[PDB]
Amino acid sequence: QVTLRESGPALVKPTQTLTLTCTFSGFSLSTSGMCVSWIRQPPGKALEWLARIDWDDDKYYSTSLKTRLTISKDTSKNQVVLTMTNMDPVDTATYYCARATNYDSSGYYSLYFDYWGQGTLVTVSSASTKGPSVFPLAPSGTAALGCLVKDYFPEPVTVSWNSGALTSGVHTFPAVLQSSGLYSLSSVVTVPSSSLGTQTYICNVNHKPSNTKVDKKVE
């Protein structure tokens, strides 16, 4: 398997410097033809190419963003590191790392990103980190139940049900930035009403920027 994972802060203060780390496996930058690139994506907006590094330590950068970018490789650790100085709220985006191989045949050399990391979300704000409060949305021929993940910063939060056992009929809503400046979402799930007294339902909330894990019974 060819896999990529991006590590790094979930929250950076303005003017500070961001450092992301792309850990890969299934290929090596010791191999020629192999390249690793950095693509970011502002919330709800288009993709943006940032930097690229090759096997022969060739480095390319986005022209307008060049002065603030620095890419480097450590093939003995399978890691590509990106550095972006003077972070602004306008730099809040999802940062992907991706492998790039070149199309070789027929007189071509068309680079393309065949494999992408899951992406890590980097938020830029002077606001502080806050863990979420979890409340149960109690149910009342199929009824609906859920739990409320209120007042947390920054993104993201991940909700599951019965530790991932319950998947069918589960809806987790996109977070909404409350007027207080904190985020908030709800995760609901539709289940047969006959099972309200026989089956237990627990929503597992995970706010990794604040190391907060919470499990919540709903009755």
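Heads up: residue numbers just count along the shown sequence, starting at 1.
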| query | finding |
| --- | --- |
| Unresolved deposited residues in the interval that joins residue 140 and residue 141 | 4 to 9 |
| Of 16 to 24 and 191 to 199, the stretch whose C-alpha atoms average the higher B-factor in the entry | 191 to 199 |
| Greater mean Cα temperature factor according to the PDB record, 178 to 186 or 26 to 34 | 26 to 34 |
| Top Cα B factor in the deposited entry, candidates 67, 162, 41, 172 | 162 |
| Member of 125, 101, 120, 106 with the greatest C-alpha B factor (per the PDB record) | 106 |
| Cα B factor band for residue 78 (lowest, middle or highest third within the chain) | highest |
| Cα B factor band for residue 151 (lowest, middle or highest third within the chain) | middle |
| CA B-factor ranking of residue 48, expressed as a third of its chain | lowest |
| Residue 134 - Cα temperature factor, lowest/middle/highest third of chain | middle |
